[PDB]
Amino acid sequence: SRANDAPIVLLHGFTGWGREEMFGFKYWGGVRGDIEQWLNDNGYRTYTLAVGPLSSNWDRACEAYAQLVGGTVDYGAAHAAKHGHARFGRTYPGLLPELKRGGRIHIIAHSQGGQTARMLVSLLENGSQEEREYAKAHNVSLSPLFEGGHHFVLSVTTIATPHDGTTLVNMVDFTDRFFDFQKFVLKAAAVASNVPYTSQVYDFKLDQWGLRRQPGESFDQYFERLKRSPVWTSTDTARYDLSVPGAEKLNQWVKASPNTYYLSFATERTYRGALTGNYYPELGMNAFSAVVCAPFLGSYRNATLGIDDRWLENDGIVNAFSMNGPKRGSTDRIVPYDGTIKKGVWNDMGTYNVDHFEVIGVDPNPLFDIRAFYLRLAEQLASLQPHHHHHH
């Protein structure tokens, strides 16, 4: 039963927004309802983070930290100089000031949020040697996130995360297809992309890059500006971290903490053609994933890059193979769940038959008991022991 009372913190992917955005239409729950509310109602204290959807995992980590303890976002001086964006971002009140006094949390992340979560846990525990060295050499201030020694995260649970990247980034037309998912979520929320709404609606939180939707500019128009901006052309981007090479790079330094439990859930919404060996999208998958993305994922091979048949199964957006945990460029160990959740390693909870967006309720799927899924997940997280004694 319950063994800890750590609060749960939700974290989105390359799409996502705060509770007040999209006129209330939740990322965590979508057409289903409000996941956070379900958990709160059932006795699992839960909060939601909202960071930059298209920003680099690093940026997102920095934003999350600030968002969790309060203060002004500090991306790190070395980092900011390297990538040419602002050092300081937006300020936050802090959702959980208790973290500054011994508290702990469980992070439940979806999609790219799993990469963010892992990076956050890595920075909190080990800081950034680079950031630390730069401060000493240049006399600049240093964010507590880069010092090391924080123990805030009891667990990290990922759902449909591209731990090893996604080959979707290899599509010749990825640029346009990816932003189309930005239009999709807008459509799910009943928001048009060809309208210059005066209300913010969906804030990409690109304060470091000094980009924002301007008066008279629809999302469609904005997206075209973004495609040409550094949030799309730089290596300090979600675009980069999402790619197979990018994820590998990340995995080479973002390691599982021995003091944290990691759980992984994979998603699949495809079938295998008996003659092609390819995978095809199942009935029920959103049109934005099914037309050109799912088929590309289910048929794209590249032997030099090491994309083989194992990678074809997918959830319309990410290759299932890349979800159970980091593998490419990683020293992290993955163990198939057996009824016991082990600390400091990836507990592969298996593959669920739900698509990238049906898993968080953004796309309907009446056959998927979303409430049960999340309640069972919470139940599991609340049963983890912050201190596991060794035994026979």
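One-based numbering along the sequence shown.
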TODO: Averaging only over Cα atoms, indicate whether 345 to 353 or 24 to 32 has the higher B-factor in the PDB entry.
DONE: 345 to 353
TODO: State which stretch shows the higher mean Cα B factor in the entry: 381 to 389 or 4 to 12.
DONE: 381 to 389
Task: Highest recorded Cα temperature factor - choice among 212, 110, 83, 177 - done: 177
Open item on the list: Just the C-alpha B-factor column, please: which of 255, 87, 228, 106 has the biggest number?
Closed with: 87
- [ ] For residue 66, return the chain-relative third of its C-alpha B-factor as stated in the PDB record: lowest, middle or highest.
- [x] middle
- [ ] Using the B-factor values recorded in the entry, state whether the Cα atom of residue 134 falls in the lowest, middle or highest third among the modelled residues of its chain.
- [x] highest
Open item on the list: Quick check on the deposited entry: does the C-alpha B-factor of residue 326 sit in the lowest, middle or highest third of its chain?
Closed with: lowest
TODO: Using the B-factor values recorded in the entry, state whether the Cα atom of residue 340 falls in the lowest, middle or highest third among the modelled residues of its chain.
DONE: highest
Open item on the list: Taking only the Cα B-factors deposited for this chain, tell me whether residue 58 sits in the lowest, middle or highest third.
Closed with: lowest
